[PDB]
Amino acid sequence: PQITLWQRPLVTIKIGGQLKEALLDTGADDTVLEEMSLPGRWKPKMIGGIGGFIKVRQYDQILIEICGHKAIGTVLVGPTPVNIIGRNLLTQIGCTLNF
């Protein structure tokens, strides 16, 4: 689809049999999901944002469907108030910025 930016670009994603809301963020190198338990081992990691860093758990090879479009990659899980889909996943669905 085409998504205007009048409001935050929040769309529906699906992880497992769970549907969630997530912000399409061209300003995120990574994908950060809200705290959830995923099976598998992870690696601790520190990601920075506008105000500093937060600690997250890194899981590799997670499948997320974005508006019916599948992407597989690294996801970081931390205490974020909103799911953020970053560039690692957006490139996979052929998402571009156009003006």
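Note that residue numbering follows the sequence shown and begins at 1.
Asker: Would 39-47 or 57-65 have the larger average of its C-alpha temperature factors, as given in the entry?
Answerer: Between 39-47 and 57-65, it is 39-47.
Asker: Would you mind comparing 21-29 and 72-80 for me and telling me which has the higher average C-alpha temperature factor in the entry?
Answerer: 72-80 has the higher mean C-alpha B-factor.
Asker: Quick check for you: using the entry's CA B-factors within this chain, is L5 in the lowest, middle or highest third?
Answerer: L5: CA B-factor falls in the lowest third of its chain.
Asker: Based on the deposited C-alpha B factors for this chain, I'd like to know if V11 is in the lowest, middle or highest third.
Answerer: Middle third.
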